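Peer 1: Pasting an experimental structure with its sequence.
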Number of protein chains: 2
Amino acid sequence: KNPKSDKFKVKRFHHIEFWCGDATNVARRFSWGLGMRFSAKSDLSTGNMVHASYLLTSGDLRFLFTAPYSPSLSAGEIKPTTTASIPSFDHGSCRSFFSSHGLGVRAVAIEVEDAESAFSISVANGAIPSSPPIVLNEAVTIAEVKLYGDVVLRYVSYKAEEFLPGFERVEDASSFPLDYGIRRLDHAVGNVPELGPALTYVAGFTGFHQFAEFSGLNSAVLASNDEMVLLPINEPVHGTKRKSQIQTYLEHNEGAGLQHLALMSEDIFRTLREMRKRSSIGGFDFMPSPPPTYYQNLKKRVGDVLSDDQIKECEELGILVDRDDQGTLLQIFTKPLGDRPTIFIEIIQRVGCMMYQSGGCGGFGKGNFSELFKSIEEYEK
Amino acid sequence: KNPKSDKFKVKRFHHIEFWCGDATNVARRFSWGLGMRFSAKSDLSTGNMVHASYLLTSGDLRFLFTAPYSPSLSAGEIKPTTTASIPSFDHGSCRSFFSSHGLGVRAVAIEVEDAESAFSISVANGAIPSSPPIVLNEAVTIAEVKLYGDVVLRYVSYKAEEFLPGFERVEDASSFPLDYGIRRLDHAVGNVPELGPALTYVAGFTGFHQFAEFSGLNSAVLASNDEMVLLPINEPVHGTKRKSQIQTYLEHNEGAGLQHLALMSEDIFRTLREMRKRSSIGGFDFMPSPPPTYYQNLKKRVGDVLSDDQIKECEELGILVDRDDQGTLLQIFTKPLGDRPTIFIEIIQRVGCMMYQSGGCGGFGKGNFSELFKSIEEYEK
Ligand SMILES: Cc1c(C(=O)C2=C(O)CCCC2=O)ccc2c1c(=O)n(-c1cccc3ccccc13)c(=O)n2C
Ligand SMILES: Cc1c(C(=O)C2=C(O)CCCC2=O)ccc2c1c(=O)n(-c1cccc3ccccc13)c(=O)n2C
Ligand SMILES: [Co+2]
Ligand SMILES: [Co+2]
């Protein structure tokens, strides 16, 4: 069931913005680890005396890394005379965010038809305003409302049809064309103390509907009309034998925030080969692999979708597989992206639901909680 | 002239500690960019609820990257019950340092015979105490005094004869054996507003002597008895046609701090080949190369030290060459290591002064200020 209840026209995920202490080092690490190209910049060299912002791209995936400069460089500016390219940026907010939460996602940005309308309708329907609509160079409108914790949902709309005015394309010499196959953001997941109030709030101001589904958590997924913007939310389940990873997140993050970004690959085997080659030379580490019992059990579960060789390739790379009533999901999780056991990345590829592929084909892998549990006990035997 | 006036027994540079917002991402970037191996850690996985600290090594060079966790994880601790492995660490100091200065060096650590004695003698001779001597596991003593700005000179002494108690050696799987030829810290350089008072202060409490030398700055070099610990200091020269890079540093750094680390390579050609291969894939960028006039002029200056092929290899890699009355210096400078135009790295190799090689052989490259100026005008013609 999809009531198509969006209160404003939503297109696709546009970008994810990380708030950093040093944007250069995080961006360079992420570029090498994920195979993303340096695409645009806004910093001292482009006249921005307020913040350093670096954009990485892979296909349609856009990761932005932003850090504040010394406020002294811009102490004579006021908002009408600002040299910031992102007018919602605030030195104090950014330092406070980073000191509270560590490295993490500040903004989940979606492209909409009209960011001013999206903002107005959102706030009229209960959204907490974070940054009012501002028109940049008569070309792009950006607005922000609170999503959960200190994460904002950012609306971006373009008059035309390059990232944002005031960003400059990066010189080709500094722009090595890395590509490990990642192509777009599939979903972005928040952790909260209480799922109910978080869902009611977000669904209330967006009109996003609950996406039909089918340890240590309860979850639900909010989706736009064409189910291409997917915003799952988790809450902890307390009292369990094993401590909830959602609760650990909330403790180390100092509350609610973005838990994981799931990045679609056009070839998850190539993506994982390339990422695993770089894990110990500056890239990202992956969660410990499931026991061989897990891959022995894949024949019964997905032997009609994956060949024995493709299954054994999943086993070499530690890839998990789950299945819906409509499609199949290949997925794997990185270790946390930074110092704290908080945000991590998921790499996914979806098989099925061809019409274009429909959103959320194969689900989100919740069946892998029981399958992992089973395969662990089976391997113990 | 070397009066050998050290007020306590100094051995060698021991490590450099960076204070970070996220130690993981900075350490992984530096590891790949410089060819340093992950050697030790102190973090949540080792029981440290206070700070995340990661040690990189290349030869005798030790770079430590430290960031604070949420204070909530350790809110019940007091100093007698701390789980920090570096007892001088303070959440507030670290956040304040990073918010003021951005990514940069907090501690220049030298190994001494007796860190408690070094501390006491230093303070008795004018050093501003920063952290009193603390004995770790009855095995290592660490103490800190102010050096300049918010940079401390850290004394470390060992009863024995592994990094520090509470650090664990890094698993081999996570410890890829990168090596681009870097072998030790040659010198560590501070920028200050006024050279005179800074020299008087540091030489006053160390007994370090002025190392015999032979644009936009005045400088002097303080040296230990065997001239193996080398601490140059720069001040800006104002009114110049071109704005002093020392003054730009002080503005963007919010005052005095560490300007550059010079890392000795056992093969600067290999080091620069390896670093330049990685500049645009997560590593470090280098300053723009000098004009070919500079390398045309190298024959007259160092043609008795470098062959034509070795000179042309300097030209391919952008390496600068200077000469003392005793030796020759090969050097090159990176672009700033992070967002701010503040700290950068120098790669150096020294030729001559064989006895072992004596410290500071060939100087610090101050002759390259005029040689670069000349070669630029000559290439314009
Ligand atoms: C994050 C995730 C997803 C997922 O993507 C998802 C949504 O997108 C939206 C719905 C809720 C939802 O969970 C799916 C399966 C997962 C995990 C996941 O994180 N993990 C864990 C990985 C590593 C260490 C763990 C430690 C304790 C507990 C779980 C750990 C799993 O095992 N499975 C099986
Ligand atoms: C840092 C340095 C050293 C050096 O290592 C040293 C000591 O160790 C101790 C004594 C003082 C001292 O300077 C030597 C020569 C240098 C530079 C240096 O930084 N630069 C610059 C590089 C790039 C952009 C510049 C822009 C403006 C002005 C100078 C720029 C140079 O050109 N030369 C020639
Ligand atoms: Co997911
Ligand atoms: Co130098």
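Peer 2: Right, received. Where do you want to start? Numbers count the residues shown, from 1 in each chain, chains lettered A, B, ... in the order given. Ligands and ions are numbered 1, 2, ... in the order given.

Peer 1: So in chain A, which helix runs the longest?
Peer 2: Selection of the longest helix in chain A by residue count, based on DSSP state H, yields helix A:367-380.

Peer 1: For that one, name the packing helices and strands.
Peer 2: Under the contact criterion of 3 or more C-beta pairs under 8 Å, 6 or more residues apart in numbering or on different chains; DSSP states H and E, helix A:367-380 touches helix A:292-296, strand A:320-323. Bear in mind the C-beta positions are built from the backbone N, C-alpha and C, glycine included.

Peer 1: For the residue of the stretch 51-200 of chain A found nearest ligand 2, give its distance to residue B:129.
Peer 2: Ligand 2 sits closest to residue A:174 of the stretch 51-200 of chain A, with a gap of 17.4 Å, by C-beta to the nearest ligand atom. Between residue A:174 and residue B:129 the distance is 44 Å, computed by C-beta to C-beta, to the nearest Å.

Peer 1: who's more crowded, the two?
Peer 2: Each of residue A:174 and residue B:129 has its neighbours counted (other C-beta atoms under 10 Å in any protein chain shown); residue B:129 has more, 15 against 12.

Peer 1: Report the contact partners of the more buried one.
Peer 2: By C-beta atoms under 8 Å, 6 or more residues apart in numbering or on different chains, the contact set of residue B:129 is B:119, B:123, B:144, B:145, B:146.

Peer 1: now do residue A:174
Peer 2: Listed by C-beta under 8 Å, 6+ apart, the contact partners of residue A:174 are A:38, B:280, B:285.

Peer 1: any idea which of those is closest to ligand 2?
Peer 2: residue B:285 (11.6 Å).

Peer 1: so where do the helices sit in the stretch 101-250 of chain A?
Peer 2: Per DSSP state H, counting those that start in this stretch, the stretch 101-250 of chain A carries helices over the ranges A:115-124, A:195-206, A:245-253.

Peer 1: middle-most residue in chain A, spatially?
Peer 2: Closest to where the C-alpha atoms of chain A average out (C-alpha atoms, centre = their mean) is residue A:261, at 3.0 Å.

Peer 1: near ligand 1, anything from the helix or strand containing it?
Peer 2: For residue A:261, the host element (DSSP states H and E) is strand A:257-265. Yes. Under the criterion of C-beta under 6 Å from any ligand atom, ligand 1 is reached by strand A:257-265 at A:260, A:262.

Peer 1: Domain ranges for chain A, per the record?
Peer 2: Using curated CATH domains, the domains assigned to chain A come out as A:1-179, A:180-381.

Peer 1: For residue B:216, find the nearest of those domains.
Peer 2: domain A:1-179 (18.8 Å; C-beta to C-beta).

Peer 1: now that closest one, how far from the centre of its chain.
Peer 2: The chain centroid and the centroid of domain A:1-179 are separated by 13 Å under C-alpha atoms, centre = their mean, to the nearest Å.

Peer 1: of all of the stretch 151-300 of chain A, which residue lies closest to ligand 3?
Peer 2: Closest residue of the stretch 151-300 of chain A to ligand 3, C-beta to the ion: residue A:262 (4.3 Å).

Peer 1: wait, what's in contact with that residue?
Peer 2: Residue A:262 neighbours (C-beta under 8 Å, 6+ apart): A:185, A:186, A:187, A:188, A:189, A:331, A:345, A:346, A:347, A:348, A:364.

Peer 1: repeat that with 7 Å
Peer 2: The contact partners of residue A:262, by C-beta atoms under 7 Å, 6 or more residues apart in numbering or on different chains, come to A:186, A:187, A:346, A:348.

Peer 1: didn't residue A:28 look like it was pressed against residue B:282?
Peer 2: Yes. Judged on C-beta atoms under 7 Å, residue A:28 makes contact with residue B:282 at a distance of 4.6 Å.

Peer 1: and those two? which has more neighbours close in?
Peer 2: residue A:28 (32 against 26).

Peer 1: Phi and psi next, for the more buried one.
Peer 2: With angles defined as degrees, to the nearest 10, residue A:28 sits at phi -70, psi -40.

Peer 1: if I look at it, how far off is residue B:41?
Peer 2: From residue A:28 to residue B:41 the distance is 21 Å (C-beta to C-beta).

Peer 1: Output the helices of the stretch 101-250 of chain A in TSV; the columns should cover distance to ligand 4 and mean neighbour count.
Peer 2: Shown next, in TSV, are the helices of the stretch 101-250 of chain A (distance: least, C-beta to the ion, whole Å; neighbours: other C-beta atoms under 10 Å in any protein chain shown):
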stretch	distance to ligand 4	mean neighbour count
helix A:115-124	50	20
helix A:195-206	54	19
helix A:245-253	40	20
